[PDB]
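Overview (structure and organization)
The lines below spell out each chain.
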Amino acid sequence: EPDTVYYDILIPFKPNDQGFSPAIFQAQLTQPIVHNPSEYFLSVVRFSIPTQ
Amino acid sequence: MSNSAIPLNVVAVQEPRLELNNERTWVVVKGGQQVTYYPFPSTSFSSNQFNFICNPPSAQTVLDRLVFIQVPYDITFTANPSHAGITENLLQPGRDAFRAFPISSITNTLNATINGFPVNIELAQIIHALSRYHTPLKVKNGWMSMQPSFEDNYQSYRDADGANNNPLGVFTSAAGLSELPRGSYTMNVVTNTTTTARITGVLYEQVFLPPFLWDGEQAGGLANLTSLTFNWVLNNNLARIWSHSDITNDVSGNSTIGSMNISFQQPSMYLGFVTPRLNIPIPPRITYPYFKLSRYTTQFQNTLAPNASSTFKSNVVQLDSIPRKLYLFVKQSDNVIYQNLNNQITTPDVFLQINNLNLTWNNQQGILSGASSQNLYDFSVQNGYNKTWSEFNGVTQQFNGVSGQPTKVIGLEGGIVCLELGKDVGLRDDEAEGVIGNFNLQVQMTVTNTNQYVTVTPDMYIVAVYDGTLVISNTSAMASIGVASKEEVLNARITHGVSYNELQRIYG
Amino acid sequence: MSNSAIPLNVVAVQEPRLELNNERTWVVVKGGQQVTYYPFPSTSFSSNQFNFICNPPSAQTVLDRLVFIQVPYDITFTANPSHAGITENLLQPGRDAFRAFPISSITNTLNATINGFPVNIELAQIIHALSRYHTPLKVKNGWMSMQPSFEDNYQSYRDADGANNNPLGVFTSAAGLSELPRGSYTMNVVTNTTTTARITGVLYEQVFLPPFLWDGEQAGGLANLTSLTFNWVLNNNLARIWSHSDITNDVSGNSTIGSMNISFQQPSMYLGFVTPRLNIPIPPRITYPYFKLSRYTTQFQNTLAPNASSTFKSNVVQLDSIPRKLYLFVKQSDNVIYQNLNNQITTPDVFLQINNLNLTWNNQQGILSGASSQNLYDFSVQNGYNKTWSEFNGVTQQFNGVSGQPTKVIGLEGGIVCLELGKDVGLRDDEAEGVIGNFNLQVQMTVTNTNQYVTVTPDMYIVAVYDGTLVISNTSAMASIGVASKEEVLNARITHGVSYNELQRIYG
Amino acid sequence: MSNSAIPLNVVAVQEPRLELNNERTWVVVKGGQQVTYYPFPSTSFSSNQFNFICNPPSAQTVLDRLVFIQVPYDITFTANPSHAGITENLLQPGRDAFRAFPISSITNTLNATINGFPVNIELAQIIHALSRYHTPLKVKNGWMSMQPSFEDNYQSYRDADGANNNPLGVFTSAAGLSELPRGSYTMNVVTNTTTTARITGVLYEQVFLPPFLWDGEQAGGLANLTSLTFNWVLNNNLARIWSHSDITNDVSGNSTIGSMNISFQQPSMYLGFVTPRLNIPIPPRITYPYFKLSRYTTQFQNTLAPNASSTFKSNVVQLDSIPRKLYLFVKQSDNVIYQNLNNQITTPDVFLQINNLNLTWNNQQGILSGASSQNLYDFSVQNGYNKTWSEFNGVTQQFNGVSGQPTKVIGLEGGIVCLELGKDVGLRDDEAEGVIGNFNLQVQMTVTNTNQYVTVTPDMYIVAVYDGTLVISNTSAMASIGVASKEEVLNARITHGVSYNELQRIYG
Amino acid sequence: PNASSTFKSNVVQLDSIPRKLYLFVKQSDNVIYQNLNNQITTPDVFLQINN
Amino acid sequence: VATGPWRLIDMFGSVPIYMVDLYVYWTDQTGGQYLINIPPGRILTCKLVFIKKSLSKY
């Protein structure tokens, strides 16, 4: 219910036995972030990617 | 009738052979008028995602609930320059065929938004458990059949071959009027040889998330939609489509296949739109039963092998309302089985045997602490299980009748228990299956590894299924969970009219 | 509960394990005294046509709907010049049986008049359409177990052997609690070698045509009949009873068997008369459901093979009343396969695969034209089709694993599309399933042939089936289609009362 | 209303895809909180019998109806002088497994007592017949899955091997999703070698009898009770559990396995007790349905074999009141089988085929004079016999092609006929399914031996299952058979409302 | 040249009951017309109505 | 790093959120997907924001 809540998404690092990482992360969160998302504009700050 | 303890009330009922007189009435069935089928080719196809976007053709056009997607493909196999040779064609006769069900298994997640309100499911892990029941033979043989449809019986592929029951076998050698095996699926082989294989065909997969339905029963369609649209994001690996036999390796072993490549072409959704007749009107706002699948999973470090037991406590999770049903099973860790694909390709899909489970629900601990695993099976085979007890508690000794050898064990499949909530948990007074708001539960459950070669690092899952009633209007897309209230569940007047079976029918 | 967009109403149910209270009754089950049975032997059978007549005892005895006719027989085969070869016993363990279903396949037409109004069904080809359609496993394995009744699933016997689901194998070799293959049905062999063979037995077949029923449940049996006479008339060819596999015959197209003759000894037919209780009487005049199959057939000159596609045009027709159900299967022609027995004995009972169909009901065209073959299968299964998607549209990639042969393709079975007009075509408003007027159809459609072995000239079909009511009173037999008026049908007070599915059962 | 000899009124029904407006009500299911399972170890167990005794948690706690007992064992075999050599492992790969349902068939008679009133049935002779009768695929592959369950379809184990469909084989050879052969069951093994073997394992078996049920559905749990107890009084032979095959042993009737000795450990029986929810109460005296099935037999000394024909007569008996159903069947040699270890182990429980049967009720004889042996299979599969016609009356023609080996006939299980008394036999009006009292019945019938090797010496059982009410109230529990009186049966108001195919579902 | 068959008369809506009506199968015309000899040779007659 | 002003996307149904799912891709002409790959030494980091619609818009 509060006016605004931030969330952080980070992906660590996972190689195959064959050295490769999928830059995807996915996660079921053990407890809801927004109580009811009908009244939120979602937007993103500060995202960053290793392009090495 | 009378004359036993309390006096009973009496009715006579006619036999079948003769009624003969009863009040018979001619009935006219009326659904109209034009019934159709469209093929919305997926816009923007790729190796990463298919995306369809398709709006109902006309005003007040009801939309049928079986939806699916066909996708023409191409694959090539290449030999791995170790263990060679390597004699004999890469693809074998009763050794290698599609994983069931293929597309769904390699889908990270699929999304669809009915009328601007989003609904999504998690196809990858949910499936192989949701597929195990509530399936009967009738239904298995029907709608489901289009996608490769047979399960994984054996704990590991090596042993299986060759059985009258073997999972990946060619169509001949499957007993008449019974689930056929995954080698049946017809697609052309362009060239098969040592060092090279390449194949092409076209696979139909069902859309699997309710409201849409996959069990053969039929129920109202969703008028009055404005715009449906789907979205398929493919799971990164893409090798997981294929299955294999650990046998063909052999003895080193670097599996003879050294790799694979999988390619796609435009694939098309297939929806059907009926439109109703003028005389009979459909109401401007209608309501539907919509369920919700979510999965909460846990990681672990300590492994067992090959037949050692242990214990695992789950992770505290919170659920927004009492779920209708709840699934709970152990499995070989996803984290691993992903690197080094050959294991990924030849690794089967079966669950460690649940020795006992003990669950602490809201305000309880140790619920079903004293139920013999045997007990955990009887409920529910009732809910729908459809596998035989022998499969549950996986093991079978098959002796070999020759001196002198050790006899040998096989492992078949794990139990995949479930507890309907008001039935097998016992729901506290003045509260019922529908009710909001919050609760939370964690299941601490001992289990064993039974697969006879590999060292199985485990994980736990928990697939919950909420019951909600969503309204589709034009244009609106209301959805509600916990529609009942506390006062209403107390002193709701009961009925002798309907009975728990009919309730059983609705899902699905 | 009143928590939804529109308030909804609540009720409670009790979980199966506890009511524990609700009103119980005691239901005594009254059935008229003196059920009897009797074999009515054929008054003047022959080799050409045979026919029985029986009269029910009186006005008040209710005959039952399930009738069947058992017929004893002998045969004899004799090895021809100049094939041999001529080695091994003239019959072989995996290769020989009766056609499912044996005397049904030979009948040119079965006529049976009731109470003085004659209703008849042609049976040579109409029987195989109806055969695959409505039965499920549990009912297939009941009454319909008396005739050798396992459906031919490959496109030619030649390939079948030896699969443990091969359509004509020996009892052992057929999996546990399943549909057992054709070969298993017993009759004694007095002799067998090369150059000669002779078998004797007694084959049951239950007379098919409605009213009389072949599906398990009982509906009030015809009464009050006054008199009833069946009579068959068989195809002169008669060689069709026996079926034989291809492999054994040698190359140069020479056939081991040809030729042979059949014999029949006077056959019988078992009716079951029941008579009601003293006090409960049957109404003077009653009313039963009255179905009516028909067949329309169109053959062409053009031919396709061994797997090339074609499109074709069915002849135009005019239909008196919209029928309940329709069947549209195209099969290898009848023009050929009555000429020159080895082929006549040999040919299987499968039809060509449907690449798609385009249909026109009245004044519209293009109905179903964009619906992919896969869609047809789904609606057909929904009607009860019962066969897996793999065989419908059949072909199979069974792959070789030897350096370096090519990899065999198998022609498998056939597809037989069915539509229900209210369910599937959609009838214009004011019109419904029973109503009368003149609606012309003409079903164009494209087809591929699949068996690898022979060229085929194909004759298309359309079976239609009207639903009427027929009243029996002694002795009268009024019958009427569409009972059923345009204004009455339009007004249509509609009951949210009866389900669809229960309605589904009293087929058909 | 309109157009039939008799106008019959109309109602229109909406197609399944389109309701779409009808009173949709949210329904909640409510059952008492906490259902918990307790394992009672058994004090006072021996090789001569098992003894259980159990206090409920209290009164006011509904005890669920499903019950079962899990028992651990220890069997050792030893080699036989002097048919030897008996090269190769004492126990064979496909050859030898558990009989089914092992602990049930061994039990000489079983007694339980609800709350003071004793209710017991005999297990040893009853079960192998009552087994067949009310199971499809789903129901047999469900609860009854736990004990071995595959029937003895073959007339001797000699002929079976090596068949895909063989009665007792390893799980490897079976058809996906169907009943497994008895061999699959786990028999954890200590050692085996020619001259010895030792197996050890735990086996589950469900209590059979009324009320407690072994069927698929489930109904209201017994309450309210104070005491319950079970007594298994085992049979004195105890070697019968294991089953052998004659092919292995030749040729003086000297067999590998003689002799051996079984042992049990302490068994425990599991039952779960639901407690209802405080708010909605359960009444002080509840009334259930109660069935009980008393067998009647006869001993004959007239010997017939290998396939000679004969006729018999039962001897008179005097049933107290009409029984709900009646299973008649000849079965081999009860006295004869027991002598010899050899006999107990290597013989199946099939019964000879009824060539024809005649029967007498009270006051009429020649009921079913001329009903074809086949006509007797037509009913019942109406009362759910659950096998093919072919296997009923089973004889098997299997031909062998070489010159010259005579083709061989094969033994098979024979028919076990049944008849519910209202439905077939017909009844003097004023007599129904419940009413007391006296009646007298004698069965005559002709059977023919069908297996090859052993000459059978017959005896024929006649089980009869009565119907009746039982009221369980806390102090004491009472029951009447003959709950109906004569004047009440006559003139009982008849109900078009309830369907008859519902009474199929009741039991059991 | 003497094998039997069945035939479905096409549907036909009338306004007023006809006093009488005559049904008869016969040799189909088109054939009779094509080719001069064929055209002269073949008579008027019909096929025998079995029922 | 965002530099202003807030750029908004919308949100729709009334399901309490249970999953953060995110995929990153890099594209080349001719426009093929190629899901990005993270090197041995670095961590990949987004941030997120929900704002209550009522503060932002009438």
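By convention in this text, residue numbers begin from 1 on each chain and track the written sequence, not necessarily the entry numbering, and residues missing coordinates are not displayed. Here every chain gets a letter starting at A, and every ligand a number starting at 1, in the order they are written. Part of a larger assembly is shown; the reported values describe that part exclusively. Note that water and hydrogens are dropped before the side-chain values are worked out from all heavy atoms of the structure.

As recorded in the PDB entry, chain F goes by the name Minor virion protein, listed as coming from Sputnik virophage. For this entry, the PDB title field holds "The 3.5 A resolution structure of the Sputnik virophage by cryo-EM".

Per the PDB entry, the recorded name for chain A is Minor virion protein, and the organism is Sputnik virophage.

**Things to note about the overall build of chain A**
Heads up, the condition is: Numbering goes from the N terminus for both helices and strands, where a helix is a DSSP run of H or I of at least four residues and a strand is a run of E of at least two. To get the radius of gyration, use the C-alpha atoms; to get the globule rule, take the number of residues to the power 0.38 and multiply by 2.2 Å. Here the Shrake-Rupley method, with its probe set to 1.4 Å, supplies the accessible areas, and only the displayed protein chains count as covering residues.
Within chain A, the secondary structure is distributed over zero helices and three strands. The C-alpha radius of gyration of chain A comes to 15 Å, more than 25% above the 10 Å expected for a compact globule of 52 residues. Principal-axis analysis of the C-alpha atoms places the extent of chain A at approximately 45 × 25 × 15 Å. About 3,100 Å² of surface is accessible on chain A, with carbon and sulfur atoms providing 56% of the total.

**Details of a nonpolar patch on the surface**
All names here are of chain E. To be explicit about the condition: Any residue with relative accessible area above 30% and no salt bridge may belong to a patch, with like charges joined within 9 Å and the nonpolar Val, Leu, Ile, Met, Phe, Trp and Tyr side chains within 5 Å. A pair is scored as a salt bridge if a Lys or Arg side-chain nitrogen falls within 4 Å of a carboxyl oxygen belonging to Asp or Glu. Between buried and exposed lies partly exposed: a residue is buried under 20% and exposed over 50% of the maximum accessible area for its type, with that area taken using a 1.4 Å probe on protein chains only.
Together, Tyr-22, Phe-24, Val-45 and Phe-46 make up an exposed nonpolar region whose accessible area comes to about 490 Å². In this fold, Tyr-22 is placed in the segment before α1 (29-33). Looking at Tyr-22, the relative accessible area reads 67%, which means it is exposed.

**Quick word on the interface of chain A and chain B**
For the record, the criterion: By the convention used here, residues are in contact when the closest approach between their heavy atoms is within 4.5 Å. Whenever a nitrogen or oxygen atom comes within 3.5 Å of another N or O atom, the pair is scored as a polar contact, on the condition that within protein one atom can donate a hydrogen and the other can accept it, and that pairs from neighbouring residues in sequence are kept only if both atoms are in side chains. When residue character is reported, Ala, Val, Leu, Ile, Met, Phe, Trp, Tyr, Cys and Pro are called nonpolar, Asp, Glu, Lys and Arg charged, and the others, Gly included, polar.
With eleven residues of chain A at the interface, the matching set in chain B holds nine residues. Linking chain A to chain B there are zero salt bridges. Connecting chain A to chain B are two residue pairs in polar contact. Tallied by class, the residues present in the side of chain A that touches chain B amount to four nonpolar, six polar and one charged.

**Description of the sheet that holds strand β4 (residues 50-54) of chain D**
Backbone-to-backbone hydrogen bonds join strands into a sheet, with any given pair of strands oriented parallel or antiparallel. All names here are of chain D. Rules: Strands qualify as paired when DSSP identifies two bridges or more between them. To obtain each axis, a line is fitted to C-alpha atoms, and for helices this fit is confined to the stretch in contact; angles are then taken between N-to-C directions over 0 to 180 degrees.
Read from one edge of the open sheet, four strands run β4-β12-β7-β8, paired in antiparallel fashion. With partners counted over all chains shown, the strands left at the sheet margins are β4 and β8 (117-121), one partner each. Strand-to-strand twist across the sheet, computed as the mean angle between neighbouring axes with direction ignored, equals 15°. With seven bridges joining them, strand β7 (residues 107-114) and strand β12 (residues 228-234) adopt antiparallel strand pairing. The residue of β12 that forms the bridge with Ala-112 is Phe-230.

**Re the sheet that holds strand β9 (residues 117-122) of chain C**
Residues and elements named next belong to chain C. Pairing within the open sheet is antiparallel, and its four strands lie in the order β4-β12-β8-β9. If you trace the sheet from one side to the other, it starts and ends with β4 (53-54) and β9, each paired once. Of the strand pairs in this sheet, β4 and strand β12 (residues 228-234) are connected by two bridges, and their pairing is antiparallel. Directly across from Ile-53, in β12, lies its bridge partner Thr-229.

**Digging into the pattern of salt bridges**
One pass over the full model with this rule turns up 36 salt bridges over all chains. As a salt-bridge pair, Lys140(C) and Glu151(C) come within 2.6 Å of each other at their nearest N and O atoms. Of this pair, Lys140(C) sits in helix α2 (residues 137-140) while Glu151(C) sits in the loop between α2 and α3 (157-160), and the two are eleven residues apart along the sequence. Across the pair, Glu151(C) and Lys140(C) agree in class, each one buried. Residue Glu391(D) pairs with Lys387(D) through a salt bridge whose shortest N-O separation is 3.8 Å. One exposure class covers both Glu391(D) and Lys387(D), and it is buried.

**Some words on the interface of chain B and chain C**
Note the cut-off: Buried area, as used here, totals the accessible surface that two parts lose on assembly, with accessibility defined by a 1.4 Å probe and the loss added over both.
In this complex, chain B contributes 88 residues to the contact, which on the side of chain C involves 98 residues. The largest per-residue losses of area from chain B upon contact with chain C belong to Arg17(B), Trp26(B) and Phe171(B), which jointly make up 10% of the total buried on that side. Across the chain B-chain C interface, the total number found is one salt bridge. Ionic pairing is found between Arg277(B) and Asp429(C), a salt bridge with its closest N-O pair at 4.0 Å. The tally of links between chain B and chain C comes to 28 residue pairs in polar contact. Among the secondary structure elements, those contributing two or more residues to the side of chain B that touches chain C are β1 (9-14), β2 (26-30), α3 (137-140), β8 (188-193), β13 (285-295), α7 (421-424), β23 (463-473) and α9 (500-505) of chain B. With six residues, β1(B) is the single largest residue contributor to the side of chain B that touches chain C. Of the residues belonging to the side of chain B that touches chain C, the class tally is 42 nonpolar, 32 polar and 14 charged. Direction of pairing for β1(B) relative to strand β2 (residues 25-30) of chain C: parallel, over a ladder of six bridges. The partner of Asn9(B) across the bridge, within β2(C), is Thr25(C).

**Focus on the side chain of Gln218(C)**
Within the secondary structure, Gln218(C) sits in the loop between β11 (197-205) and β12. A distance of 2.3 Å separates a polar side-chain atom of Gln218(C) from the backbone oxygen of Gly216(C). The contacts of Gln218(C), once residues within four sequence positions are left out, are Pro16(B), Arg17(B), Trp143(C), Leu213(C) and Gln382(D).

**Regarding helix α2 (residues 123-130) of chain B**
All names here are of chain B. Burial analysis of α2 places eight of its eight residues in the buried class, which makes it a mostly covered element. Among all positions in α2, only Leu-123, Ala-124, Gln-125, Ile-126, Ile-127, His-128, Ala-129 and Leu-130 are buried. Residues of α2 that are buried in the fold lie against α1 (102-105), β6 (107-114), β7 (117-121), β13 and β23.

**A few points about the relation of the copies chain B and chain C**
Stated formally: Note on alignment: the copies are superposed with a least-squares fit restricted to their C-alpha atoms.
Overlaying chain B on chain C yields an RMSD of 0.8 Å, the required transformation being a rotation through 120° with an accompanying axial translation of 0.0 Å. Here the copies are linked by what is in effect a three-fold axis. Closest approach to the rotation axis within chain B is made by the C-alpha atom of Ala175(B), at a distance of 3.5 Å.

**Things to note about unusual backbone geometry**
That bond from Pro210(D) to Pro211(D) is cis: its omega, 10°, falls within 30 degrees of zero. The residue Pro211(D) is located in the loop between β11 (202-206) and β12 in this model. Across the junction of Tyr507(D) and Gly508(D), the peptide omega takes the value 0°, indicating a cis bond. Structurally, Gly508(D) can be placed in the segment after α9 (486-489). Phi is positive for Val251(B), close to 80°, though the residue is something other than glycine. Mapped onto the fold, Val251(B) is located in the loop between β10 (228-234) and β11 (257-264). A positive phi is found at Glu88(C), a non-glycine position, where the angle reads about 85°. Its location among the elements puts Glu88(C) in the loop between β6 (68-77) and β7 (96-98). You can call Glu88(C) partly exposed: its relative accessible area is 33%.

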